[PDB]
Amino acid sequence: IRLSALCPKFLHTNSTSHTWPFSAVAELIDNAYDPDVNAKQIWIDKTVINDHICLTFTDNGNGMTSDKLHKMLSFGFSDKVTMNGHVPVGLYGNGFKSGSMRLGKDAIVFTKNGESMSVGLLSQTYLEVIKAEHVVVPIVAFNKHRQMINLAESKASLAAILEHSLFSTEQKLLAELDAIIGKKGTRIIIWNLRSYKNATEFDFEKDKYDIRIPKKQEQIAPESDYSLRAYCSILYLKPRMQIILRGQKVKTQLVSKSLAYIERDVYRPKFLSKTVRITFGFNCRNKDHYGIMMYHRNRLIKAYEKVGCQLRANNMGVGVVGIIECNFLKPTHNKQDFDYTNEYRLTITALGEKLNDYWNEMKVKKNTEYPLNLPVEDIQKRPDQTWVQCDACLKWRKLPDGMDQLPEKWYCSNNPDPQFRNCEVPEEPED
């Protein structure tokens, strides 16, 4: 009985579900974040190698055996489980194939798991140039001492890789394996990026520390629609792993703490016998970016969705942000939307009425302190509480009020709070 075949055109096909390029990037960040990899840092960068513009993703997580690498370069192999409260966001076994092939036509992955090293090629131009009618994935293995195991399939694989990748020679290729600093980790290089006329779909020159897009669905565009730095900073509700973008760490935040005048409420849907936490407050940065932030398994699905009175006109609920994690809804479209079900519609309706009650309540509370014709939208605001992530242990710590300009690196030992001045103290509850 014959195997279902997989034509290399399908590497392109499979990538077309990413219309916004940052959803492809988020697939690669998600893989380093997930608990089976459990990386502490991921580095994203632009480099030039062999006169090609290149995207690299390097993490210091657990790495892969040569076999799991072949599963990563295959379709539908996903077996992620929760590990000590850290639930995986991946589950379909497609994020790397569709994401990498959306950013470029060719990708190579170097991985060390401590006891071994492997490198794999997933390359549309390679499959084109050899006129393949199946997708084949050259994989070569190495050991602790830099010698090739499974030489059987490693010979033809190495021949293909040296001829048809960016590395002409074997030690240039093993040079990437050393760019993974510690004992364990992985490194992905993507080239033949998507171009329009001449230059790339991304804008690397406008800001040396960002990747930018030269507005979707639509108001003014929130920064996260066109700045990778802005998108990374809200991608995770409570971030663990850190993101370093072109050498400068991304100021990820505890999104549920980034607001002013915070009120905590709960949603009690009838279709579900659980209660759901909701947080409302005012944006502090730019009163023009408001609406609901919707998360699923700690990952951002929809940002700045206007609800309640914010749909009627641009005079009402301006500045009001709501934050909810909806694990009862179904993410779709590469975790950029929810299935438009009845439960979705009821949640949106309830969110809108809670938003309305919060906003009217806030107008009233404001009117007991400030002038009556002064709109609450317009009072200058800073976060009710400022929380910072330790750069050593990645715990989140609450700082005392008034602290604005924090160093780029911060450690529990810098903490003015003597109760939380050592990395062993468990995180404080957000309440």
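For every residue, the number given is its place in the sequence shown, counted from 1.
Student: Enter the number of deposited residues without atomic coordinates between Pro214 and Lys215, binned as none, 1 to 3, 4 to 9, or 10 or more.
Tutor: Gap between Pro214 and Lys215: 10 or more unmodelled residues.
Student: What stretch has the higher average Cα B-factor here, 269-277 or 190-198?
Tutor: For C-alpha atoms only, the mean B-factor is higher in 190-198.
Student: Tell me which stretch has the larger mean Cα B-factor in this entry, 331-339 or 115-123.
Tutor: On average, C-alpha B-factors are higher across 115-123.
Student: According to the deposited entry, which of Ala350, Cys326, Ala303, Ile220 has the largest Cα B-factor?
Tutor: Highest C-alpha B-factor among the listed options: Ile220.
Student: Which one, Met241, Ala230, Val320, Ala179, has the peak C-alpha temperature factor per the PDB entry?
Tutor: When the deposited C-alpha B-factors of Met241, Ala230, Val320, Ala179 are compared, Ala179 is largest.
Student: Once the chain's modelled residues are ordered by C-alpha B factor and cut into thirds, is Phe57 in the lowest, middle or highest one?
Tutor: Within its chain, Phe57 is a middle-third residue by C-alpha B-factor, going by the deposited values.
Student: Sorting the chain's CA B-factors, does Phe96 end up in the lowest, middle or highest third?
Tutor: For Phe96, the deposited C-alpha B-factor lands in the lowest third.
Student: What third of its chain, lowest, middle or highest, does the C-alpha temperature factor of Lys131 fall into?
Tutor: Highest third - that is where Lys131 ends up once the chain's C-alpha B-factors are sorted.
Student: Where does the C-alpha B-factor of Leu151 rank in its chain, lowest, middle or highest third?
Tutor: Highest third, going by the recorded CA B-factors of the chain.
Student: Should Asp357 be placed in the lowest, middle or highest third of its chain by the C-alpha B factor in the entry?
Tutor: According to the entry, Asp357 has a C-alpha B-factor in the chain's lowest third.
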